[PDB]
Every structure is written in structure tokens, then in C-alpha cells.
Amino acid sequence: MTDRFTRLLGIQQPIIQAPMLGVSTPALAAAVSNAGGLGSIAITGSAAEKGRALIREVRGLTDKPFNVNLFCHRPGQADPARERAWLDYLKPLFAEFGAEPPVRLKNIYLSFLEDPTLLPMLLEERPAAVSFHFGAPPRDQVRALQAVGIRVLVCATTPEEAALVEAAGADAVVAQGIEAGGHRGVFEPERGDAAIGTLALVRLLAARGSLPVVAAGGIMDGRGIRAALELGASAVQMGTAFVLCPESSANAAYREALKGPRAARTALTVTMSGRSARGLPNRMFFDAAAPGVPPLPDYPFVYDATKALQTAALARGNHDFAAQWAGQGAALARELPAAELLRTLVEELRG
């Protein structure tokens, strides 16, 4: 086994439990870090002070390194006319549940690039690792984090995005293949999505690049981890494998969805949030290019609209609109305390 990543992070095992906004928790992160991996939390969507309190919660439960994740998308551009047309299109769905769409949509997830309170807070709290999704911060901000001993990780979905992660000065690249659950890390989705599978992406980044590569997407057991290291990865990041952990904040309907037959087929959708994301298809996965569908508002305003519909639906016992993200290996998902899943993966990695 290579120590290129474990050395870097000061951990025992080359396994990262994916940050998963709405699913990871301080209990989940601490569990994995205490078992010898790198546990993770996502803090986007919170005030800096509330992210601070979440970082301190994890520190309260583990003395080991953990990872704090922030979204670094292009800041969403409000478009009130486009947003009104979208809301009008969604009216019949709200009406099914005796609800009306919201009157206005909000930028619910501020990017690291538009919230200047986040960097100073992280320079104070100094978690072991800070990770970025959807883009890379400027090199001088990455270096400010490293000057205080924080390791910086950034997700890339292509070699061209991996070149940008290198130019930002990150410590490692998270190579997110098509198999991955949740939002695709594509930097500029208006330019398309190469939709490179994990087996090819990890090989290309390890064969033709020199930052340490963390493989992310479809990995559910030790055979998958061993395959990723054979491709040249220095570590793995696994999200869907940790969703059934009892430490996770997945709800009962999501656990049921993932343990059941729907796990056999995932799909990508832009209509849930405004950005391409993979999960178990439902009534929120519709064809945005069908006749009569108006133009999609920007991320994350579309997600604000969806969350109000999810609220209205859940207020009538209906879970057909929920965000139940999941990777293409979802049918191999197991339910176990995170620290024992972690140890099971290690035994399988070495078995």
C-alpha cells in the first residue's frame, strides 16, 4: 500500500468518508477519523459562525484529523424573470399538496468565492483538511490555508480540471468519476460534461499527473479500494457506502430507498438543484428539455425551489421528491456503524 496520502494527512488508512451535505454529521466524521480514516463534514449553506460550531463539534468527538468541505462554484446569478417562470411551471406540483410555490428564490448556498467570512474562520479553526467542490480557490488562498498547516483537497472530473487544481496548489486531487453519487464536480457545466468513468479518470490523473489522487465514485468495498490503488490512486473517497451508517443524518425514507430495489438504478438530473447530480430517480427527475419546460434558473436558486416543494410534499407524507443521492454501486451498500464499516473495508482491502 502507498503511504503518499496517509503520510500527508497523518492518518492510518487511505479512506475518506465523503462530505455529504444533509447526510454527513459530526458523529459520522468523528467515527471514521477515530477508526483511522478521514471523516468529513460539509459546511456550505451555514453562516461562518455556525460552520465554526460544527468544526468544534467534531473536535469534541475526535482528536484525529478530519476534513471540512466547502462548495466553490461560480456565485449564482439571480434572474427574477427566469425564476418566476420556473416557479409557475412547478405550480401544479405544489398544488397537489395544497401548497403554493414560494414567491422568491434565494441563493441558499453561498460559494467560498462570495462569502469572505469563511477563509478567516478556517484559518482560526485549522481543521486537518479543507476540501473544495465545483472549483478551486485562488492559489494565494490555498497557500494561506497551508501556511497554518491545513491540507487542501479539490475535486476534479477531468484532466483539464486536474490541471487547474495543480495551478491552485492543492495537496491532493479528488478524482470524481461518473459513478459518483451526489453533485458532479464539473467546474463549468455550460461547457459540457466529459462524464469520465472512475477507472479511466483515476488512471489518467495518476499516470500523467503528479499530485496524489483520491478516487471517488462507485467504490463500495475493499475490492473497489484495491482496484483504485492498482490504478494509481493514493486513497479513496466513499460517500454512498457511508449513507446507511447509523451516525448519518439520512432519514428513514432515504435508508429504505437505498436498501431497496431502486438502488439498482441511479440517474443524473439538473432539475433537482440546477447542477447535475446523481441519485435514485423520482418525481424531481424530469426532462428539462421537454416542450413547455421553461429555461432553468441558476444553481443554487433551483434547489431553493425544490426544497420548498420537498417541504410541501413531506407535509403530506409524500417522499417522491426527496433528494436521495447515491452512486452507481448503490446496490452494494451495507448498513453498519461507521467505525466497523471502516474496519471491514480495511480487512477487505488487505484480504
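A residue's number is simply how far along the shown sequence it sits, counting from 1.
Looking at the deposited entry, does 265-273 or 240-248 carry the larger mean Cα B-factor?
Of 240-248 and 265-273, the stretch with the higher C-alpha B-factor average is 240-248.
Out of 118-126 and 275-283, which one has CA B-factors that are higher on average in the deposited record?
The entry gives the higher C-alpha B-factor average to 118-126.
Out of 306, 69, 324, 33, which residue has the highest Cα temperature factor in the PDB record?
That would be 33.
Out of 330, 341, 18, 15, whose C-alpha atom has the biggest B factor in the entry?
When the deposited C-alpha B-factors of 330, 341, 18, 15 are compared, 341 is largest.
Give the position of residue 220 by CA B-factor within its chain, expressed as the lowest, middle or highest third.
CA B-factor rank for residue 220: middle third.
Position of residue 48 among the chain's modelled residues by C-alpha B-factor, lowest, middle or highest third:
Within its chain, residue 48 is a highest-third residue by C-alpha B-factor, going by the deposited values.
Taking the C-alpha B-factors as the PDB entry records them, is residue 73 in the lowest, middle or highest third of its chain?
Answer is lowest: the recorded C-alpha B-factor places it there.
Looking at the entry's B-factor column for C-alpha atoms only, identify whether residue 190 ranks in the lowest, middle or highest third of its chain.
Ranked within chain, residue 190 CA B lands in the middle tercile.
Please say which third, lowest, middle or highest, residue 313 falls into when its CA temperature factor is compared across its chain.
It belongs to the lowest third of the chain when residues are ordered by C-alpha B-factor.
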